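Just below is one structure, and these are the notes that go with it.
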Amino acid sequence: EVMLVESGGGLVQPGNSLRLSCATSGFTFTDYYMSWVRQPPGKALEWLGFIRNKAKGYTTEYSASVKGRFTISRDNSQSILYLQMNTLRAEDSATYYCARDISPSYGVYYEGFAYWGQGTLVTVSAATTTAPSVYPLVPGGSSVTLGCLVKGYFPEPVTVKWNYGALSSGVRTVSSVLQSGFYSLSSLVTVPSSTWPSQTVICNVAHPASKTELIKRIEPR
Amino acid sequence: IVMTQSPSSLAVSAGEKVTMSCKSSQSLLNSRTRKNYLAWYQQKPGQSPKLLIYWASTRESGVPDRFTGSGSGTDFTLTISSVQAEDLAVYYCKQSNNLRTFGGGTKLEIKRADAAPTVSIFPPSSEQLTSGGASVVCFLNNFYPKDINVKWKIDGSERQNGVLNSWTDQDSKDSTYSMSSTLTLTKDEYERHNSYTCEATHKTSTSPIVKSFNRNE
Ligand SMILES: N[C@@H]1[C@@H](O)[C@H](OP(=O)(O)O)[C@@H](CO[C@]2(C(=O)O)C[C@@H](O[C@]3(C(=O)O)C[C@@H](O)[C@@H](O)[C@@H]([C@H](O)CO)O3)[C@@H](O)[C@@H]([C@H](O)CO)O2)O[C@H]1O
Ligand SMILES: [Mg+2]
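Chains A and B supply the protein sequences, listed in that same order.
Its first residue numbered 1, the first sequence is counted upward by one per residue in our numbering.
Its first residue numbered 1001, the second sequence is counted upward by one per residue in our numbering.
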């Protein structure tokens, strides 16, 4: 099992710097080039640069847009890739992926990023990091639609899970909206009226920025 | 190297054929390896990009043969013989002959039969009211097409200020949309009235679907 996990994302004030890390395992780290890729919300992927394998001396290269502003390095003993981001502005607000690049020196070689990380959102703003409030959505038939209203959080994102991930069908999560410096969104799930309130329905709202999770049991009125 | 894709987005019904173009400023054919260094990546909403095609035409482990990469030099094409509900995604091409460069991407959307929404309304919660808040949410579920309208009425009068709308992505299973219309009030504004109505107007009908509740309940 090949695995890539980015870390260090979150809120960073305009002008400041940030270092992202990409823990890896499941393959010979030193054999592979490693690339960083970013993607602003609703925008296209952008290759930022890479660092070559051991055979190539771990030499770095960067796209024209980030030259002299972003730096790449790697801890070959811990198999951890890094991304040094200096002097950040709002245009740098994006999801940052690490991807396993080519390994031309040993083993199977082919042009393509075989594996990616889940990515970590970085948002550059002078605003305040504030955890969200989670309010229940319940009716005033054969099925009932419940939900969780998530308000007043910053920055993005928040993830919502129902019954700790056990309730996965009939789930609808609408995009987030920005108003007065704060985001909000609602996630809903439809279940047989025989399932609730006879049984338990909960939503788990996670806000990575503030390292905060919130559970909200859906009770009748 | 400058990568450019086309179209920026397109919508086709399930079972139809589809074609996307990828263009590069420089040739991607490497005279030494005699291969085109162009890959195609699939990215579903909220997910990381997945490799589908590499070296212009070679299919990655696990990728269905419905996907076919073609072209050479500066002209490339990704083709889907028959598109299904799973294909909802943006598709990026990427040159790797000189460093790496991603294209603009092609968003693939699916056309399907029109469907009327199931409309639910939710009075504010007790805990929100406790903090002096009052959000009224009207939820329209599983409709198509995407365009849809909601009119809010309070004690019979239309309301426009304090209203926000938000859509889900096209559903990965049935390709439908859902959207919420939230009216945000203060606990005091909310308690100044009784009747709260949301009316959903969609192409599926002339008569709007109406849901209501009285605060006196
Ligand atoms: N023009 C020369 C070629 O003669 C030479 O090929 P050869 O050994 O068969 O005669 C290539 C060698 O290619 C590599 C190699 O070790 O095979 C790989 C190159 O890889 C990259 C790179 O690191 O920048 C990355 C890859 O994705 C692709 O972008 C290629 C690029 O098309 C190659 O032009 O570049 C690279 O690491 C090279 C060294 O630069 C060798 O000088 O070695 O090299 C050509 O310059
Ligand atoms: Mg160099």
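Built from N, CA and C at the ideal position, the CB exists for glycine as well.
Whole-Å CB distance - residue i paired with residue j, under 8 Å assumed
i              : j              : result
residue 1048/B : residue 119/A  : 6 Å
residue 1169/B : residue 1045/B : 4 Å
residue 122/A  : residue 93/A   : 7 Å
residue 1085/B : residue 1014/B : 7 Å
residue 1011/B : residue 1158/B : Between residue 1158/B and residue 1011/B the Cβ distance is about 33 Å, and since that is not below 8 Å, they are no contact.
residue 1092/B : residue 1105/B : 5 Å
residue 30/A   : residue 76/A   : 5 Å
Neighbouring residues, chain B, relative to residue i (Cβ below 8 Å)
i             : result
residue 116/A : 1048, 1049, 1050
residue 227/A : In the structure displayed, chain A extends from 1 to 221; residue 227/A sits before or after that span and is not available.
Short Cβ contact (7 Å threshold) for residue i with residue j
i              : j              : result
residue 129/A  : residue 17/A   : no
residue 230/A  : residue 149/A  : Lying before the first or after the last residue shown, residue 230/A is absent from chain A, which here runs from 1 to 221.
residue 46/A   : residue 1054/B : no
residue 1179/B : residue 1140/B : yes
residue 98/A   : residue 117/A  : yes
residue 1201/B : residue 1161/B : no
residue 189/A  : residue 171/A  : yes
residue 1/A    : residue 26/A   : yes
residue 1016/B : residue 1063/B : no
residue 1076/B : residue 1038/B : yes
residue 151/A  : residue 184/A  : yes
Minimum Cβ-Cβ distance from residue i to chain A less than 7 Å
i              : result
residue 1128/B : yes
residue 1123/B : yes
residue 1177/B : no
residue 1037/B : yes
residue 1180/B : yes
residue 1034/B : no
residue 1112/B : no
residue 1099/B : yes
residue 1120/B : yes
residue 1150/B : no
residue 1168/B : yes
residue 1137/B : yes
residue 1096/B : yes
residue 1185/B : no
residue 1105/B : yes
residue 1067/B : no
Status (buried if at least 16 other CB within 10 Å, exposed otherwise) for residue i
i              : result
residue 1031/B : exposed
residue 155/A  : buried
residue 1297/B : Residue 1297/B is absent from the model: chain B starts at 1001 and stops at 1217.
residue 215/A  : exposed
residue 109/A  : exposed
residue 1103/B : buried
residue 1123/B : buried
Chain-ordered chain A contacts of residue i [CB-CB under 7 Å]
i              : result
residue 1055/B : 110, 111
residue 1217/B : 140
residue 1092/B : 44, 45
residue 1108/B : Correct list: empty, because the minimum Cβ distance to chain A is about 14 Å.
Short CB-CB distance (under 7 Å) between residue i and chain B
i             : result
residue 164/A : no
residue 153/A : no
residue 44/A  : yes
residue 47/A  : yes
residue 158/A : no
residue 192/A : no
residue 136/A : yes
residue 212/A : no
Any chain D beta carbon closer than 7 Å to residue i
i             : result
residue 187/A : Of the protein chains in the structure, A and B, none is chain D.
Contact set between residue i and chain B, taken where Cβ atoms lie within less than 9 Å
i             : result
residue 20/A  : The contacting residues do not exist; residue 20/A stays about 15 Å from chain B at best.
residue 230/A : Coverage of chain A is limited to positions 1 through 221, which leaves residue 230/A absent and any answer about it impossible.
Chain B contact residues for residue i, given Cβ-Cβ distances below 7 Å
i             : result
residue 172/A : 1141, 1168, 1178
Interface partners of residue i on chain A, CB under 8 Å
i              : result
residue 1076/B : Neighbours of residue 1076/B on chain A: none; closest Cβ ~13 Å, over 8 Å.
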